[PDB]
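**Q** Here it is, the structure, as structure tokens.
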Amino acid sequence: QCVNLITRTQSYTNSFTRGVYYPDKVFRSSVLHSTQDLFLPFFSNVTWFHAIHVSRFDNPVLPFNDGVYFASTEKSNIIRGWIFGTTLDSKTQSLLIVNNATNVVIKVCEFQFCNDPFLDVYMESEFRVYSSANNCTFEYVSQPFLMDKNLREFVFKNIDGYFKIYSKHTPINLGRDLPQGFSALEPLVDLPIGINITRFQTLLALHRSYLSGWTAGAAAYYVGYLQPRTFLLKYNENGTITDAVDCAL
Ligand SMILES: *[C@@H]1O[C@H](CO)[C@@H](O[C@@H]2O[C@H](CO)[C@@H](O)[C@H](O)[C@H]2NC(C)=O)[C@H](O)[C@H]1NC(C)=O
Ligand SMILES: *[C@@H]1O[C@H](CO)[C@@H](O)[C@H](O)[C@H]1NC(C)=O
Ligand SMILES: *[C@@H]1O[C@H](CO)[C@@H](O)[C@H](O)[C@H]1NC(C)=O
Ligand SMILES: *[C@@H]1O[C@H](CO)[C@@H](O)[C@H](O)[C@H]1NC(C)=O
Ligand SMILES: *[C@@H]1O[C@H](CO)[C@@H](O)[C@H](O)[C@H]1NC(C)=O
């Protein structure tokens with residue numbers, strides 16, 4: 001039941017100083033700590049995607065590289081998770097992250113993914129996301145991380161068997177979607193996945209119209225790519241990363 005419904009246009013914007021995360025689970029207070037890790041570089045070129053379904057395949061699969069910075073200004077219900085893998089078919093393993101109103105399901109199986117995968121609400125059905133899922137080796141259900149104008153930031157890394165997800169929710173006063181300043185991303189989950197990830201894709205939710213089988217919709221999200229970079233992070237009195245300098249400039 002794979003159907004091509006999403007067309008996507010893309011523009012390019014500046015990351016400013018977004019994308020800093022806590023590199024470890026160690027409390028540091030009132031110090032300057034220099035760490036070398038996969039960070040999103042300051043003032044880097046970040047791709048802004050507008051995905052439109054109006055009521056052919058024009059929604060290609062993005063590369064993953066060394067890790068992905070994801071951002072969205074959209075509401076919590078439109079973007080509902082992500083797809084990670086290499087071939088995205090039944091011959092290789094894949095990771096599916098699906099959020100809904102009550103919880104989040106993170107599940108690694110052998111999914112036969114559709115060319116334009118989307119979660120459709122009517123209750124929610126995943127029959128348009130994939131046609132089959134066999135030999136499934138990981139499942140993890142927990143409290144959701146897309147909850148409620150509001151900028152939502154995620155960092156995905158795939159390092160030595162662990163899929164690390166970092167997140168942050170920042171209330172941005174109505175204006176430019178990518179704001180100035182710092183908002184460090186707290187460690188959200190470390191998943192013992194152990195799979196090869198070279199490509200990734202965003203999952204959107206589409207509503208049936210009941211009036212053009214699906215309601216017309218748009219979703220805007222920012223994707224940037226992490227690079228091995230040395231950062232100097234400032235930890236303040238309460239342990240929060242309030243500032244950083246990227247050592248290339
Ligand atoms: C949101 O996702 C959760 C996780 O899958 C759903 O809860 C499960 O629903 C199935 C019914 O197909 C039950 O068999 C499971 O026992 C439920 N698990 C848990 C942990 O509750 C939930 O139904 C989904 N909600 C919506 C609106 O789609
Ligand atoms: C971002 O990349 C595009 C294409 O690679 C390029 O045209 C544009 O100038 C870049 N923007 C910046 C700020 O480097
Ligand atoms: C994968 O699934 C197929 C059929 O679903 C089965 O024949 C095969 O043995 C499975 N392989 C593993 C490693 O589970
Ligand atoms: C990961 O997948 C890519 C693309 O299919 C492949 O070139 C690479 O060798 C794979 N790496 C491992 C460790 O399987
Ligand atoms: C840290 O926590 C204290 C405790 O009340 C608070 O007064 C202060 O505003 C917080 N922030 C900083 C930057 O010290």
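Numbering starts fresh at 1 for the residues of each chain in the structure tokens, the chains themselves are lettered A, B, ... in the order given, and ligands are numbered from 1 as they appear.
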Once DSSP has gone over the backbone, tell me which residues of region 8-229 of chain A are in strand (DSSP E or B), as a PyMOL selection string.

**A** chain A and resi 8-14+21+31-39+45-53+58+62-63+68-72+79-85+94-99+104-113+118-121+124-125+130-142+150-159+162-171+185-192+199-208+214+217-225+227-229

**Q** Any residue with an atom at most 9 Å from ligand 5 counts, using only C-alpha atoms and all ligand atoms. Which are they? Put them as a compact mmCIF listing (two decimals) with N, CA, C and O atoms, in the first residue's frame.

**A**
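The result, written out as out-v2.txt:
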```
# COMPACT_ATOMS: atom_id res chain seq x y z
N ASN A 236 27.98 26.46 33.81
CA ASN A 236 27.73 27.50 34.79
C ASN A 236 27.56 26.91 36.18
O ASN A 236 27.90 25.75 36.43
N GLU A 237 27.06 27.74 37.10
CA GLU A 237 26.91 27.37 38.50
C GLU A 237 25.98 26.18 38.70
O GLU A 237 26.18 25.39 39.63
N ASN A 238 24.96 26.02 37.86
CA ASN A 238 23.96 24.97 38.04
C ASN A 238 24.19 23.78 37.12
O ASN A 238 23.33 22.90 37.04
N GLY A 239 25.31 23.73 36.42
CA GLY A 239 25.63 22.61 35.57
C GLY A 239 25.12 22.71 34.16
O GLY A 239 25.25 21.74 33.41
N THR A 240 24.53 23.84 33.77
CA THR A 240 23.97 24.01 32.45
C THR A 240 25.04 24.52 31.49
O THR A 240 25.83 25.39 31.85
N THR A 242 25.87 26.96 29.06
CA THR A 242 25.31 28.23 28.64
C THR A 242 26.04 28.86 27.46
O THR A 242 25.51 29.81 26.87
```

**Q** Please write out the residues within 9 Å of ligand 1 as a PyMOL selection string, counting only C-alpha atoms and all ligand atoms.

**A** chain A and resi 98-105+121+123-125+141-142

**Q** Return as JSON, numbers by chain every polymer residue, whether protein, DNA or RNA, with at least one atom no more than 12 Å from an atom of ligand 3; count only C-alpha atoms and all ligand atoms.

**A** {"A": [90, 91, 92, 93, 109, 110, 111, 112, 132, 133, 134, 135, 136, 137]}

**Q** Which residues of chain A have any atom within 10 Å of an atom in ligand 2 when counting only C-alpha atoms and all ligand atoms, and what is the closest pair of atoms for each, with the distance in Å to one decimal? Order the rows by chain and rising number and write it as a tab-separated table.

**A**
```
residue	atom	partner	partner_atom_place_in_ligand_line	distance
A:11	CA	ligand 2	3 (C)	8.2
A:12	CA	ligand 2	1 (C)	5.4
A:13	CA	ligand 2	13 (C)	6.4
A:14	CA	ligand 2	13 (C)	5.9
A:15	CA	ligand 2	13 (C)	9.0
A:43	CA	ligand 2	13 (C)	7.7
A:44	CA	ligand 2	13 (C)	6.9
A:45	CA	ligand 2	1 (C)	4.9
A:46	CA	ligand 2	1 (C)	7.1
A:47	CA	ligand 2	1 (C)	7.6
```

**Q** Take the residues just selected and output them with N, CA and C atoms as a JSON list (two decimals), in the first residue's frame.

**A**
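Heads up, here's the output in result.json:
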```
[["chain", "number", "residue", "atom", "x", "y", "z"],
["A", 11, "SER", "N", 15.47, 24.66, 0.88],
["A", 11, "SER", "CA", 16.21, 25.90, 0.87],
["A", 11, "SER", "C", 17.35, 25.74, 1.87],
["A", 12, "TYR", "N", 18.24, 26.71, 1.93],
["A", 12, "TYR", "CA", 19.42, 26.63, 2.79],
["A", 12, "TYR", "C", 19.47, 27.82, 3.74],
["A", 13, "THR", "N", 19.71, 27.54, 5.02],
["A", 13, "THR", "CA", 19.79, 28.57, 6.04],
["A", 13, "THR", "C", 21.03, 28.34, 6.89],
["A", 14, "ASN", "N", 21.21, 29.21, 7.88],
["A", 14, "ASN", "CA", 22.37, 29.20, 8.75],
["A", 14, "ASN", "C", 22.00, 28.60, 10.09],
["A", 15, "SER", "N", 22.89, 27.77, 10.63],
["A", 15, "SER", "CA", 22.66, 27.11, 11.91],
["A", 15, "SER", "C", 22.82, 28.03, 13.10],
["A", 43, "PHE", "N", 27.49, 28.24, 12.58],
["A", 43, "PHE", "CA", 27.21, 28.95, 11.32],
["A", 43, "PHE", "C", 27.35, 28.03, 10.12],
["A", 44, "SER", "N", 26.96, 26.78, 10.29],
["A", 44, "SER", "CA", 27.05, 25.80, 9.23],
["A", 44, "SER", "C", 25.81, 25.86, 8.35],
["A", 45, "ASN", "N", 25.94, 25.31, 7.16],
["A", 45, "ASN", "CA", 24.86, 25.32, 6.19],
["A", 45, "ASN", "C", 23.87, 24.23, 6.56],
["A", 46, "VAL", "N", 22.65, 24.60, 6.90],
["A", 46, "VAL", "CA", 21.63, 23.65, 7.31],
["A", 46, "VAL", "C", 20.52, 23.71, 6.28],
["A", 47, "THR", "N", 20.01, 22.55, 5.87],
["A", 47, "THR", "CA", 18.98, 22.51, 4.85],
["A", 47, "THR", "C", 17.61, 22.58, 5.50]]
```

**Q** Find, counting only C-alpha atoms and all ligand atoms, the residue in A:126, A:160, A:58, A:139 that gets nearest to ligand 4.

**A**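 Smallest distance to ligand 4 is found for A:160.
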
**Q** What does the list of residues within 6 Å of ligand 4 look like if you count only C-alpha atoms and all ligand atoms, written as a PDB file with N, CA, C and O atoms, in the first residue's frame?

**A**
```
ATOM      1  N   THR A  86      20.099   1.632   5.970  1.00  0.00           N
ATOM      2  CA  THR A  86      20.939   1.764   4.790  1.00  0.00           C
ATOM      3  C   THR A  86      20.148   1.581   3.506  1.00  0.00           C
ATOM      4  O   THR A  86      20.048   2.507   2.700  1.00  0.00           O
ATOM      5  N   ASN A 196      24.000  -0.543  11.056  1.00  0.00           N
ATOM      6  CA  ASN A 196      24.674   0.363  10.141  1.00  0.00           C
ATOM      7  C   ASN A 196      23.637   1.356   9.640  1.00  0.00           C
ATOM      8  O   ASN A 196      22.583   0.953   9.142  1.00  0.00           O
ATOM      9  N   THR A 198      23.331   4.713   7.209  1.00  0.00           N
ATOM     10  CA  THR A 198      23.881   5.657   6.251  1.00  0.00           C
ATOM     11  C   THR A 198      22.842   6.602   5.680  1.00  0.00           C
ATOM     12  O   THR A 198      23.220   7.616   5.089  1.00  0.00           O
TER      13      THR A 198
END
```

**Q** Under the rule that only C-alpha atoms are counted, which of A:41, A:106, A:191, A:116 is the nearest residue to residue 164 (chain A)?

**A** A:191

**Q** What gap, in Å, lies between CA of residue 222 (chain A) and CA of residue 26 (chain A)?

**A**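 Spanning CA of residue 222 (chain A) to CA of residue 26 (chain A) is a straight-line distance of 29.0 Å.
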
**Q** Quote the spacing between CA of residue 231 (chain A) and CA of residue 167 (chain A) in Å to one decimal place.

**A**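 Between these atoms lies a distance of 18.6 Å.
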
**Q** Can you tell me, as a list in words, what residues are no more than 9 Å from residue 5 (chain A) when counting only C-alpha atoms, ignoring any on the same chain fewer than 3 positions away?

**A**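 Selected residues are residues 52, 53, 54, 56, 57, 58, 59, 116, 117, 118 and 214 of chain A.
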
**Q** Would you please work out which residue, of A:68, A:247, A:20, A:129, is nearest to residue 3 (chain A) when using only C-alpha atoms?

**A**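 Closest to residue 3 (chain A), using only C-alpha atoms: A:129.
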